[PDB]
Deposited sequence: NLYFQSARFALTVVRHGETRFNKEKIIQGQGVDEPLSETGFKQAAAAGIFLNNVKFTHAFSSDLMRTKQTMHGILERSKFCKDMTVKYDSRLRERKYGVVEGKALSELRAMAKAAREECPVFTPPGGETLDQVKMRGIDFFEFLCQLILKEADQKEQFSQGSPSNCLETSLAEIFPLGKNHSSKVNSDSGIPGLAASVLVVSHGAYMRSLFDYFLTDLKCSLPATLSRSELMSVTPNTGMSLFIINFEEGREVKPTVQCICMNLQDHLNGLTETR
C-alpha cells in the first residue's frame, strides 16, 4: 500500500436536468436513455452560468444522455473548463428499476404494496437493491480517491473559486465535478453520512439527505486525508441540493 502525504479535495455532485419522464413522474433508471427536455436544457445552462468561474480539475458523468447533456450544458459555459475532458463512468448510472422502467411511479408503489414492502427499499424484478446502488457509489468513490491521491503524488486557487458561490491546511489537490442521478446520489450521500460520518451544515437535516434531489441540485463535499498508508478519509458536507441557479 502507497504512502501519501496529507491531502484535501473538493467534490461537487450535480443531478442531471429535467427529462420528459421526470416531469411526468415516470420511472427512469437504466431504461430508455431519455434526453433532457427544453426545461432540462435551461436548468443545465443556468447551472453552467452559476459555475462559470469555478476552476474544476476533473469531470465525471454517468454514460446516459441526460447526465452527458447536463455536463455539456455546464462545461460549454465555463470560463476555465470549456475544453476539459469528461470521463464517462457506468458506476455513476441511476439505480436499475428493471421491469418498471418507463412505468408510472404509482405502478412501482403498487408492486411494493403487493409484495408487503415499501419504496425505496422494494426492488422490482430486474432492479438493483439500495445496497447494490450504494456499492457502486463506494466503488466509484474509492476509485476517485485513489485517482486524486496518485495524481497529487505524481506532481488557494481551487478553493477561492468555490468559496465565491458555495458556503465555505493542505491547499485543495483537486476540484472534481460529478453529474449523476437522484437515487444514486442519495445512496452515495448516505455512504458519506452513515458510513464515513461526514459533518453536515446546521441547515441540513438528515432527512434532506436521504430523500430529496432536485434536477441540477448541487452538493459540495470536502474530502480530507491524513498522511499515511490506506487512510480512511473524513468528509465535510458544505451544501446539499443547492438550487440558487434556478430562481
**OP:** Any chance you could give me the deposited-sequence numbering of all the stretches lacking C-alphas?
**Re:** 156-164, 178-190, 270-275
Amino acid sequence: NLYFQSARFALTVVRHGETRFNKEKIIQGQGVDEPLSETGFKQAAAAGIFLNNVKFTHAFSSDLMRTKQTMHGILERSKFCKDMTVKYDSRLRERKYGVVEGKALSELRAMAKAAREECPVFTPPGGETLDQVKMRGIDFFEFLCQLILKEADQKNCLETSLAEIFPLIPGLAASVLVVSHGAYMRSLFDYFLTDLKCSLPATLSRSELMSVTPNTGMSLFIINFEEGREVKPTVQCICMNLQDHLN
From here on, numbers count along this sequence of modelled residues.
Original post:
Averaged over C-alpha atoms, is the B-factor higher for 120-128 or for 79-87 in this PDB entry?
Top reply: 79-87
**OP:** Averaging the C-alpha B factors as listed in the entry, name the stretch that ends up higher: 65-73 or 184-192.
**Re:** 65-73
Subject >> 102, 167, 137, 98, ranked by C-alpha B-factor: the highest one >> reply: 167
Original post:
Whose CA atom has the top B-factor in the entry, of 215, 203, 219, 57?
Top reply: 203
Original post:
Within this chain, which third does the Cα B-factor at residue 40 fall in: lowest, middle or highest?
Top reply: middle
Original post:
Should residue 232 be placed in the lowest, middle or highest third of its chain by the C-alpha B factor in the entry?
Top reply: middle
**OP:** Grab the CA temperature factor for residue 142 from the record and place it in the lowest, middle or highest third of its chain.
**Re:** lowest
Original post:
Can you tell me which third, lowest, middle or highest, the CA B-factor of residue 177 falls into for its chain?
Top reply: lowest
Original post:
In terms of the CA temperature factor given in the entry, to which third of its chain does residue 16 belong: lowest, middle or highest?
Top reply: lowest
